[PDB]
Ligand SMILES: CC(=O)N[C@H]1[C@H]([C@H](O)[C@H](O)CO)O[C@@](O[C@H]2[C@@H](O)[C@@H](CO)O[C@@H](O[C@H]3[C@H](O)[C@@H](O)[C@@H](O)O[C@@H]3CO)[C@@H]2O)(C(=O)O)C[C@@H]1O
C-alpha cells in the first residue's frame, strides 16, 4: 500500500455475520469466507457486493450474495443479504455476482446451483443450473439530521429463456456473469460480459446485453477464443474492450464496436500484455477493469495478482494504469506476500478505493483499502503524459509552422534523462538498461564491447507492455557514428532473441561506409552511404509483416521487405540501441543516439518527414 494509504478488514472471515433467512426465520449467522468482491457507487452510496460462503471457501457449497452499503465513504456500513440461494440442498448457491449500476438500481447477475458438488465447467449439462438477475433499488433519505440509505432487493428472475440452445458450431450448456462490475454502455444498454460453456465443456466469452433496462436480453453474435473465462469489460472510444482470464496462458483482450457481434483481438494495445504468473503457466484471475476520468483524462485502471506462489494462491495484487497507449504499473495494492486474488477498484468523488480478497489457509476476507498514495502516483503519471504530449504537439515544426509532431500511438521516449544504469522513459513506464554509456544532450554516447542500451519487449517478463510491437511499431532515433567499424556493427533494431543475433528488423553500419539494413533472417545487402561524425535520422517501421528502414526521412533502396516469414507471430525480445548491450557479442559500436521514440503503429510518410525535420526540437533536455 502506497504512502498515505490504509485498509481495514471489512468482510471479516469467521467473524462478520449476515442475516441468514431460512423457512421464514432470520438469524445472524457467521460466515466462513467472503469472496468475489464488487465495489460500486450508486449516486453517492458505496455498495460492496460479494459471496457469503457460509461453511467453507470451496466453490460448490452454501453461498448467498451479501451486500454492505455506506453513505459515509466507508467509515460505517449496513449489512444485508442481496440474493438468497434456492435452499434446495446443503450446497445450494448463487454464485459469482456480476454488478451493473444504473440510476438508483443495482443489477446483480448470479448463477444458481441446487446440489452439484462439481465445478461448473465439468458439468455435461445444465440440470443443476439457472441464471438469475436480481435488482436492488437504492433510496436515500435525510431523516434525523444525517444521511441514510436503504436498499430493497427484488426477488431474482431467471434469464434462462434468453439463452439459445445453439450458437455457431455448438450446443450451449451454461453461462455466468464474468464477476465483479460490468457496465452501462453510452447508448444506455446494460452490458454483461459473460462466460459460457458448450456441451464439449469448452468455455468462451460473449456479450449479453439489454436494451430495455433488463426486461429482455440478447447475445452478441461473436465470441472470444475458447479458453477465455471471467471476462471484464469497459467502453473506450465507442468500443467495448473485453479483458479475459485465460488459465495457464496470457490474458487475451478483444475489442467490439457492435455490441459483441464482431470481436477483434486487441493486438495493438492490450492483448497478451498481462500474464497470470511469472511464467504465465498458472491459473488466472478475476480482474477489476474500469474506465474513469482523472483530472480531465480518460484512462483505464486494471488489477490482477502476480501469483509468484502459483496455483490459485495469487499473491501480490497489482494495479495498472493505461491510456490505451502507455501501460504503467502503479504498484502492489495487497500487503507483502499475502494471497490476494480477486479485487474491485472504485473511483468516487476523486478518491480511489479497492475491495479485495485476502486468503490465509483457504479462509477469505475482503479488505477495504483507501488508495491515497496510489491516486497521487496516478495523477503524477498522467500529468507527465499530458505534459510531454503537449510539449511535442506544440512544437512549431519547420516549413509558417508545418504539420505537428504526432503523439498518437507514442508509447515510449528515451531522451535526456538517464541514471548510471538506465535510460529513462519520459512516459515513465519502461526504461532501457545501459552499458558503457556516457550522457550527452538528449541521449547517450556508447563505446566498447558490451556497450549499448536494451529496451525490453518480451524481456519485460510477466507483464509485457510492448507486446504490440509484434504486430506493428515505429522506432525512431537520431544517430552519429564516431568510428568506422572493423566489419558490421549494430546501431538500432528489434531482436527476436536475447543476444541480438536473430533480428526481426535492424540497422547496422559497415567498414565500407554503407548501411546494412537487416530484414529478418534474409541475406543482408549493404546500401547507401554515411560519413563519420555526421548525424542521421533513422526510422524503422514494421506493419503487415513488412519492415522498412528510413535514413533522413527517405527509405533505403530495396526497403519494405517481409520480416515475418510464416504464420507464427513474432516474439520480440527487445529493442537494441547503440550496440547490442551484450559483452558476448564482439562488436564495438562507437555511436551517439538521441531521442528514441517508440510508436505502436506504422507512421505515415508525412509523420516520418515531420519527425526528421523536427529532430532538434523534440528533446527533453531543457525541461
Ligand atoms: C462458478 C465457479 O466455480 N467460479 C469460481 C471460478 C471457477 O471455478 C474457475 O473460473 C473455473 O471455471 O474460479 C474461482 O474458484 C477457484 C478457487 O475456489 C480455488 C481455491 O483454491 O479452487 C479452484 O478449483 C481448483 C482446485 O483448487 C484444484 O484443487 C482442482 O480441483 O482444480 C480446481 C479447478 O477449478 C476454483 O476454480 C477462482 O478463485 O479462481 C472463483 C470462482 O468462484
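Only the coordinates and a few stated rules stand behind these numbers; no lab work does. Don't worry about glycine lacking a Cβ; one is built from the backbone with ideal geometry, like all the others, and counts go over all protein chains shown.
Here are some notes:
- Listed by first and then second residue, the pairs with beta-carbon distance under 6 Å, at least 6 apart or on different chains, first residue in region 35-47 and farther than 24 Å from residue 230 by Cβ, second away from the ligand (no atom under 16 Å from the Cβ) and in a strand (DSSP E or B), are 45/69; 45/138; 45/149.
- Residues of region 568-616 classified as within 25 Å of residue 429 (Cβ to Cβ) and in contact with a strand residue (DSSP E or B) (Cβ under 7 Å, 6 or more places away or on another chain), total: 26
- Candidate set from region 359-376 (those that are within 13 Å of the ligand (Cβ to nearest atom) and in a strand (DSSP E or B)); member that is surrounded by the most Cβ atoms within 10 Å (Cβ to Cβ): 364
- Test: residue 455 is closer than 30 Å to residue 248 by Cβ and under 22 Å from the mean Cα position of the chain (by Cα): yes
- Test: residue in region 102-114 that is under 24 Å from residue 214 (Cβ atoms), away from the ligand (no atom under 16 Å from the Cβ) and assigned to a loop (DSSP other than H, G, I, E, B): yes
- Within region 243-264, the set of residues being within 16 Å of the ligand (Cβ to nearest atom) and at negative phi comprises 243, 244, 245, 246, 247, 249, 251, 252.
- Of the strands (runs of 3 or more DSSP E) that lie entirely inside region 265-347, those containing 2 or more residues that are within 27 Å of residue 11 (Cα to Cα) and within 16 Å of the ligand (Cβ to nearest atom) span 297-305.
- If only residues of region 228-261 that are over 18 Å from the mean Cα position of the chain (by Cα) and under 22 Å from residue 97 (Cα atoms) are counted, the one that is surrounded by the most Cβ atoms within 10 Å (Cβ to Cβ) is 260.
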